[PDB]
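Participant: Before I ask anything, here is the structure I am working with.
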Amino acid sequence: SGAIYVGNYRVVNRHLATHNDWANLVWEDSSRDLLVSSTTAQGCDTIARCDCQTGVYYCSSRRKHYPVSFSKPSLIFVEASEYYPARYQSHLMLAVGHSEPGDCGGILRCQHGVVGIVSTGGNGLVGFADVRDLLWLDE
Ligand SMILES: NC(=O)[C@H]1CCC(=O)N(Cc2ccc3[nH]ccc3c2)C1
Ligand SMILES: [Zn+2]
């Protein structure tokens with residue numbers, strides 16, 4: 001679990017969005033596993049606007065942060081889960097690191113701000129849904 005709070009927006013994994021997120025929907029994209037909802041309170045976070053390929057993510061299944069080198073956002077095949085059929089997930093960044101399904105929502109950050117959130121993983125892999133291209137989150 002986890003979310004990004006920026007301005008009057010809340011960014012969550014689309015597969016973990018609540019009834020309240022859907023009732024306050026701003027934008028969602030199944031191919032990216034993202035959903036953005038509106039909030040009444042002003043948010044705690046800053047979005048990175050950069051091309052960093054290193055950063056640090058929070059891993060809830062270890063209660064720890066880990067440094068990572070990750071790929072640029074791209075279209076990657078993701079196997080079927082209980083939430084989606086087998087498909088290509090877009091705007092996904094992969095890195096070597098520990099992750100389990102419940103780690104989804106953990107933030108990846110660089111020196112410039114929030115880069116994305118945990119969305120996928122495998123045997124020693126962790127995948128992050130990028131949010132740096134969503135310029136409208138800042139206004
Ligand atoms: N973005 C997606 O399509 C998600 C939907 C929710 C989901 O359970 N998965 C599978 C998954 C996620 C993180 C994982 N970390 C290590 C194994 C593992 C497996 C894929
Ligand atoms: Zn950066």
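Each chain of the structure tokens is named A, B, ... in the order shown, its residues numbered from 1; ligands are numbered from 1 in display order.
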Between chain A and ligand 2, at 7 Å or less, what are the per-residue closest atom pairs and their distances in Å? Count only C-alpha atoms and all ligand atoms, order by chain and rising residue number, and return it as a tab-separated table.
Facilitator:
```
residue	atom	partner	partner_atom_place_in_ligand_line	distance
A:48	CA	ligand 2	1 (Zn)	5.6
A:49	CA	ligand 2	1 (Zn)	6.6
A:50	CA	ligand 2	1 (Zn)	4.7
A:51	CA	ligand 2	1 (Zn)	6.0
A:52	CA	ligand 2	1 (Zn)	4.3
A:110	CA	ligand 2	1 (Zn)	4.6
A:111	CA	ligand 2	1 (Zn)	5.4
A:112	CA	ligand 2	1 (Zn)	4.4
A:113	CA	ligand 2	1 (Zn)	6.6
```
Participant: Which chains and residue numbers are within 10 Å of ligand 1, counting only C-alpha atoms and all ligand atoms, if I want them as a ChimeraX atom specification?
Facilitator: /A:13-16,30-34,77-90,92,97-104,118-129
Participant: Which residue out of A:135, A:59, A:75, A:23 has the minimum interatomic distance to residue A:108 when only C-alpha atoms are used?
Facilitator: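 Among the listed residues, the smallest separation from residue A:108 belongs to A:59.
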Participant: Which is closer to residue A:106 than all the others in A:54, A:74, A:1, A:40, using only C-alpha atoms?
Facilitator: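 That would be A:1, the residue with the smallest distance to residue A:106.
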Participant: Find the spatial neighbours of residue A:68, counting only C-alpha atoms, within a cut-off of 8 Å - ignore same-chain residues fewer than 5 positions away - and output them as a PyMOL selection string.
Facilitator: chain A and resi 54-57+95-97
Participant: Would you please give, as number ranges by chain, all residues of chain A that DSSP assigns to helix (DSSP H, G or I) based on the backbone?
Facilitator: A: 14-16, 19-23, 30-32, 101-103, 135-138
Participant: Hey, can you spit out that residue selection with N, CA, C and O atoms as a CSV table (one decimal), in the first residue's frame?
Facilitator:
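Printed below is part.csv as written:
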```csv
chain,number,residue,atom,x,y,z
A,14,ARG,N,-3.7,1.8,-9.5
A,14,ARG,CA,-5.1,1.7,-9.9
A,14,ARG,C,-5.8,0.5,-9.2
A,14,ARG,O,-6.9,0.5,-8.8
A,15,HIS,N,-5.0,-0.6,-9.1
A,15,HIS,CA,-5.6,-1.9,-8.6
A,15,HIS,C,-5.8,-1.8,-7.1
A,15,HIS,O,-6.5,-2.7,-6.5
A,16,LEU,N,-5.3,-0.8,-6.4
A,16,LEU,CA,-5.5,-0.6,-4.9
A,16,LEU,C,-6.5,0.6,-4.6
A,16,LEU,O,-6.7,0.9,-3.5
A,19,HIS,N,-13.1,2.9,-2.9
A,19,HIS,CA,-14.4,3.4,-3.4
A,19,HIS,C,-14.3,5.0,-3.4
A,19,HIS,O,-14.8,5.6,-4.4
A,20,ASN,N,-13.7,5.6,-2.4
A,20,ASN,CA,-13.6,7.0,-2.3
A,20,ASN,C,-12.7,7.6,-3.5
A,20,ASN,O,-12.9,8.7,-4.0
A,21,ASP,N,-11.6,6.8,-3.8
A,21,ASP,CA,-10.8,7.3,-4.9
A,21,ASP,C,-11.6,7.4,-6.2
A,21,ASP,O,-11.5,8.3,-7.0
A,22,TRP,N,-12.4,6.3,-6.5
A,22,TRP,CA,-13.2,6.2,-7.7
A,22,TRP,C,-14.3,7.3,-7.7
A,22,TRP,O,-14.6,7.9,-8.8
A,23,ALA,N,-14.8,7.6,-6.5
A,23,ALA,CA,-15.9,8.7,-6.4
A,23,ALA,C,-15.3,10.1,-6.6
A,23,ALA,O,-16.1,11.1,-6.9
A,30,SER,N,-5.4,2.0,-16.9
A,30,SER,CA,-5.2,0.6,-16.6
A,30,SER,C,-3.8,0.2,-17.2
A,30,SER,O,-3.1,-0.6,-16.5
A,31,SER,N,-3.4,0.7,-18.3
A,31,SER,CA,-2.1,0.3,-18.9
A,31,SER,C,-1.0,0.7,-18.1
A,31,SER,O,0.1,0.2,-18.2
A,32,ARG,N,-1.1,1.7,-17.2
A,32,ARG,CA,0.0,2.2,-16.4
A,32,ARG,C,-0.2,1.7,-14.9
A,32,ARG,O,0.7,2.0,-14.1
A,101,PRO,N,3.9,-8.5,-3.7
A,101,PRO,CA,2.6,-7.8,-4.1
A,101,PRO,C,2.2,-6.6,-3.2
A,101,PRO,O,1.9,-5.5,-3.6
A,102,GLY,N,2.2,-6.8,-1.9
A,102,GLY,CA,1.8,-5.8,-0.9
A,102,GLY,C,2.7,-4.6,-0.8
A,102,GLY,O,2.5,-3.6,-0.2
A,103,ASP,N,4.0,-4.7,-1.4
A,103,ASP,CA,4.9,-3.5,-1.5
A,103,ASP,C,4.4,-2.5,-2.5
A,103,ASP,O,4.9,-1.4,-2.5
A,135,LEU,N,2.7,16.2,-16.0
A,135,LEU,CA,3.0,17.6,-15.6
A,135,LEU,C,1.9,18.3,-14.9
A,135,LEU,O,2.2,19.2,-14.0
A,136,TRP,N,0.7,18.0,-15.2
A,136,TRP,CA,-0.5,18.6,-14.6
A,136,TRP,C,-0.7,18.3,-13.1
A,136,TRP,O,-1.4,19.0,-12.4
A,137,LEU,N,0.1,17.3,-12.5
A,137,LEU,CA,0.0,17.1,-11.1
A,137,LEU,C,0.5,18.4,-10.3
A,137,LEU,O,0.1,18.5,-9.1
A,138,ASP,N,1.3,19.2,-10.9
A,138,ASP,CA,2.0,20.4,-10.3
A,138,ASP,C,1.1,21.7,-10.4
A,138,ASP,O,1.6,22.7,-10.0
```
Participant: Give me, as an MDAnalysis selection string, the residues of stretch 57-137 of chain A that a backbone DSSP run labels strand (DSSP E or B).
Facilitator: chainID A and resid 57:59 64:70 74:78 87:96 107:110 113:122 125:130
Participant: Please indicate the distance in Å from atom CA of residue A:134 to atom CA of residue A:63, rounded to one decimal place.
Facilitator: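 Atom CA of residue A:63 lies 28.5 Å from atom CA of residue A:134.
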